[PDB]
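> sequence, then structure. It's an experimental one.
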Amino acid sequence: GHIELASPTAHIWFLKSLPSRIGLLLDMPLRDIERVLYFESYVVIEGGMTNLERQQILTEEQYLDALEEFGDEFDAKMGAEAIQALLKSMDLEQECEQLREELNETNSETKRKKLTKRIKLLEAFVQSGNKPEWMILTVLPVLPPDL
Amino acid sequence: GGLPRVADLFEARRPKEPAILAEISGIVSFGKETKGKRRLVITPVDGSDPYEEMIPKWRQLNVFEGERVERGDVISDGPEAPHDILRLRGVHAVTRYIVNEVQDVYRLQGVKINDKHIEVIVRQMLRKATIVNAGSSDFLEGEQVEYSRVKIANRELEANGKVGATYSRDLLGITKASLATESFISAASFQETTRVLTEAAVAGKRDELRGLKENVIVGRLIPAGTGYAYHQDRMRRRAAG
Amino acid sequence: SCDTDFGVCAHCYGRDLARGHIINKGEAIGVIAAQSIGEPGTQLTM
Amino acid sequence: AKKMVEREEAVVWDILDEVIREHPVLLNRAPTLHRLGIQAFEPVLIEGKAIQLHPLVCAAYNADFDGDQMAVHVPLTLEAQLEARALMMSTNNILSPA
Amino acid sequence: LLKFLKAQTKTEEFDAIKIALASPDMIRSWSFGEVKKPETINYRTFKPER
Amino acid sequence: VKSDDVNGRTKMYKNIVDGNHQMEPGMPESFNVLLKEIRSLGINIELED
Amino acid sequence: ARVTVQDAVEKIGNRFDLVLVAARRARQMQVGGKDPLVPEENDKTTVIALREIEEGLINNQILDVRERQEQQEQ
RNA sequence: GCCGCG
DNA sequence: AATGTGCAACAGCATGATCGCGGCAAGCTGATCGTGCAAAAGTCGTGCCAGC
Ligand SMILES: [Mg+2]
Ligand SMILES: [Zn+2]
């Protein structure tokens, strides 16, 4: 059996563990994703015409200022649908190549370990055939009654 | 002392004050521009490629002169971590260290245990070498020595011998050596299962049921003892198709 | 230093202490070693 | 057969004595520290309620007779019987493998 | 369509168990239905709910 | 056979009463339960061939 | 009765293989279609097969040749 | 949850 | 001579801390309303023929 959630939700298994898989896949700290996943702050996507970045952690007041100034072109949302949208748009091979070039061009011990961890995770995802959009779960299974 | 030390030895924990070691030729260098940071920066040229070490000056320096200090020498007094022993003095040196220090705990009380049973445990702590050269699809990552040995054997056999990449062996405690094995069914039944399944689920790996706990869990014949003979028959059929 | 893959040579490992002869192929020596090291400890004065 | 065993006639006792003949059962003590903590013995039927243990093996079990209890398991297979007879018998493990 | 055994054939040869993330379509594939009502058992007839 | 194999129990009992002393092992129910518990998470685990 | 299985162990030396050989022989004698080659002292099939191995008249190779002979006969 | 047994 | 970068110390959080066995009570405690209507299903008071 199964449950249709009618609203995307995140998997605590991967979101909340010390080497957060989704957190370092997004290359952003755990606190920002935790705040956006519980509707404390928004996150924007695209908006190239406006000054907003690709991964802004703009809050409600910043959102009001943006919609008063920028108006349109601000695709900002808060729910797990936000992580949906920003995870589907991510390109695996291009990001892996860009990060590999960044790691090989600049030598620094502090960033080298994080870069290698990110490369390892990305390569594992592209090789296993999984889709990173599957971290969060749209449909939730249920156990058999006799168990 | 005591025997929160057979635990302390097997996990290979770094002690409070490790003793520093040196390299091939320890010429007199003292310290150049010893500022308020770690002073007495020793820079032995050793002909080429000098090694710059930093000491916080809170620990005395032993060898004032050169005396042609070789690798593994005691630059400063103190207990030695097993990791330093393995990196510099060799694999046989760390085995004699752990065996002698563990047996000291048992001998002092009056317990007889053969040295064979400690070298077996140490052998399971000396897996997973770190690769430092490339060309064989590996570059600066920790892989099992068994896989590193077979990769070298095939690469050396072929004409392109230079592809074979040397490694730097690594030492892991018992609690960290068991959780990192290639079978995810094992190491999920012993310590943190939330972390082990999460990294196995993402990587999409398989177990292949090669050990003892994997076969015990699924109710098959273990590959040891009277079940060893049966497991060999299955292996040859798999290779033959 | 047995250098064999996924196991240990019957010659690199000595004779099994339980019986006088050399060890036979297929004897699970890891569990035996772990039990031998861990059977004491209840008599180590910590 | 079930009713006859329930009523436990004398012939049931004779047949029980017959099936016990060369069927080793294996005993273990609670803190099975090493592998000598579980050993296979040939049973001898006794009139009582307490298991009788050979004194010599006690040092292997770390067992004293001051309220200790032991568990009995029956290896109900041909292969298991040969394994108990040729690997777990008290006459097989004389030296400690440590 | 008789003389069928399903418990015996339920045991199939296997080796090398594998693990990976579960896609939503695969989750639908496992399921034999969708639950919408939370009720566990009713007492009017002592039967599982629809 | 002794504990978890649901059909192994009955087969072993019938073999003993017959006088066969044959194992005919199988698949422990505990591992099927564990597979269902893992699958009830967001994780897919299966038996490959 | 075999109190100790040392003789069978030196006859075919593994301490692990004679369990399999004796299990096969005991199965042959217990399921049916075979009779002991050693006098029977009302023992079980287990120690009977062990005695047969100890006497040196049963091992893996000759068991295989007897199986082949039976197959060729039919 | 408590108590005891080796 | 003012400035940016990499390294190290301190705080917070995750994890695990023996194996069997026996006996006794108390919790184990546990509910989403009504809705008011067709639509269906069932039921009851009544009359029917067939057997003695
Ligand atoms: Mg006692
Ligand atoms: Zn060897």
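Happy to help now that I have it. Residues are numbered from 1 along each chain as shown, chains lettered A, B, ... in the order given. Ligands and ions are numbered 1, 2, ... in the order given.
> what is the neighbour count of the residue in chain B that chain G sits nearest to?
With CB to the nearest CB, the shortest gap between chain B and chain G falls at residue B:226, namely 5.1 Å. In short, each C-beta sits where N, CA and C put it, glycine included. Residue neighbour count, defined by other CB atoms under 10 Å in any protein chain shown, stands at 23 for residue B:226.
> so which helix or strand takes in the nearest residue to it once chain neighbours are set aside?
Leaving out its chain neighbours, the residue that sits closest to residue B:226 by CB to CB, 6 or more residues apart in numbering or on different chains is residue G:19, at 5.1 Å. Using DSSP states H and E, residue G:19 maps to helix G:17-31.
> and after that helix, which helix or strand comes next?
helix G:45-54.
> does that following helix reach chain D?
Yes - using CB under 8 Å from any CB of the partner chain, helix G:45-54 reaches chain D at G:45, G:46, G:47, G:50.
> which of those residues has the most neighbours?
Counting neighbours by other CB under 10 Å, residue G:50 leads those with 31 neighbours.
> report the buried residues of stretch C:12-26.
C:13, C:16, C:17, C:18, C:19, C:23, C:24, C:26 (16 or more other CB atoms under 10 Å in any protein chain shown).
> how about stretch B:184-197?
Neighbour counts over stretch B:184-197 (16+ other CB under 10 Å) mark B:184, B:185, B:186, B:187, B:188, B:196, B:197 as buried.
> near chain D too, which of those residues?
Among these, proximity to chain D is found for none (CB under 8 Å from any CB).
> ok so, going back, ok, the residue nearest to residue B:226 - how many residues close by?
Look at residue G:19: counted by other CB under 10 Å, it has 26 neighbours.
> again with residue G:65
Other residues near residue G:65 come to 10 when the count uses other CB under 10 Å.
> help me confirm that it is found in a strand?
No - assessed by DSSP: H, G, I helix; E, B strand; the rest coil, residue G:65 does not belong to a strand; its assignment is helix.
> mind telling me what element residue C:7 is part of?
Going by DSSP H and E, residue C:7 is not in any helix or strand.
> any idea how far it is from RNA strand H?
Going from residue C:7 to RNA strand H by CB to the nearest atom of the strand, to the nearest Å gives 34 Å.
> ok, now which ones touch residue 19?
If you meant another chain, say so; for now it's chain A. A:117, B:195, B:199 (CB atoms under 8 Å, 6 or more residues apart in numbering or on different chains).
> chain C, not that one
D:95, G:15 are the contacts of residue C:19 under CB under 8 Å, 6+ apart.
> so who does whichever residue of chain D sits closest to RNA strand H touch?
For chain D, the residue closest to RNA strand H is residue D:30, as judged by CB to the nearest atom of the strand, at 3.2 Å. Taking CB under 8 Å, 6+ apart, we find residue D:30 in contact with D:69, D:71.
> may I have the phi/psi pair for it?
Main-chain dihedrals, residue D:30, degrees, to the nearest 10: phi -60, psi -60.
> neighbours around residue D:12, how many?
14.
> and it, helix, strand or coil?
Three-state call for residue D:12 (three-state DSSP): helix.
> go on, the one 5 residues further on?
Applying three-state DSSP to residue D:17 yields a three-state assignment of helix.
> how about residue B:150?
Recorded secondary structure, residue B:150: helix (three-state DSSP).
> tell me the secondary structure at residue B:130.
Here residue B:130 is recorded as strand under three-state DSSP.
> quick one: it and residue B:141 touch, right?
Yes - judged on CB atoms under 8 Å, residue B:130 makes contact with residue B:141 at a distance of 7.4 Å.
> more neighbours, those two?
Between residue B:130 and residue B:141, counting by other CB under 10 Å, residue B:130 is the more crowded of the two (13 against 10).
> what comes up buried for the helix or strand residue A:6 falls within?
Assessed by DSSP H and E, residue A:6 sits inside strand A:2-9. By neighbour count on 16+ other CB under 10 Å, the buried set for strand A:2-9 is residue A:2.
> stretch C:25-37 near DNA strand I anywhere?
No - Stretch C:25-37 does not reach DNA strand I (CB under 7 Å from any atom of the strand); its nearest approach is 13.4 Å.
> anything in that stretch near chain G?
Yes - using CB under 8 Å from any CB, stretch C:25-37 comes into contact with chain G via C:25, C:26, C:27.
> anything in the longest helix along chain B near chain D?
Taking DSSP state H as the criterion, chain B has its longest helix at helix B:91-109. No - applying CB under 8 Å from any CB, one finds helix B:91-109 separated from chain D by no less than 10.5 Å.
> for residue 40, give me its contacts.
Going with chain A. Per CB under 8 Å, 6+ apart, neighbours of residue A:40: residue A:59.
> chain F was what I was after
By CB under 8 Å, 6+ apart, residue F:40 lies in contact with A:141, A:142, A:143.
> got the phi/psi numbers for it?
phi -70, psi -10.
> next up, the contacts around the closest residue in space to residue A:129 that isn't next to it in sequence.
In space, and not counting its chain neighbours, residue A:129 is closest to residue B:204: 7.0 Å by CB to CB, 6+ apart. Neighbouring residues of residue B:204 by CB under 8 Å, 6+ apart: A:124, A:127, A:128, A:129, A:130, E:18, E:19, E:20, E:21.
> export the contacts of residue A:19 to CSV and tack on distance to ligand 2 and secondary structure?
As requested, the contacts of residue A:19 are exported to CSV (distance: CB to the ion, whole Å; DSSP: H, G, I helix; E, B strand; the rest coil):
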residue, distance to ligand 2, secondary structure
A:117, 36, helix
B:195, 34, helix
B:199, 32, helix
